[PDB]
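K.L.:
Take a look at the following structure, please.
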Amino acid sequence: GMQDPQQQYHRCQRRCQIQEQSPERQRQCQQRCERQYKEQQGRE
């Protein structure tokens, strides 16, 4: 249900690499992973 953190990290990047074709998408995925990553684990 909760799923492990390492799965979450791959999720933000997966979308990021697939849509990396467009520059704007890179910004949205980087922002999504940046915020999502912190939510996954604020520490480090």
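Starting from 1 in every chain, residues are counted up; chains themselves are A, B, ... following the order of the structure tokens, and ligands are numbered from 1 as listed.
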Mind listing the helix (DSSP H, G or I) residues of chain A, per DSSP on the backbone, as a count of residues only?
P.N.:
32
K.L.:
What's around residue 15 (chain A) at 9 Å? Count only C-alpha atoms, leave out sequence neighbours fewer than 5 positions away in its own chain, and write the answer as a PyMOL selection string.
P.N.:
chain A and resi 10+20+25+29
K.L.:
What's around residue 31 (chain A) at 10 Å? Count only C-alpha atoms, leave out sequence neighbours fewer than 6 positions away in its own chain, and write the answer as a ChimeraX atom specification.
P.N.:
/A:12,16,25,37
K.L.:
So what do you get for CA of residue 9 (chain A) versus CA of residue 24 (chain A), distance-wise?
P.N.:
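Computing the Euclidean distance for CA of residue 9 (chain A) and CA of residue 24 (chain A) yields 20.0 Å.
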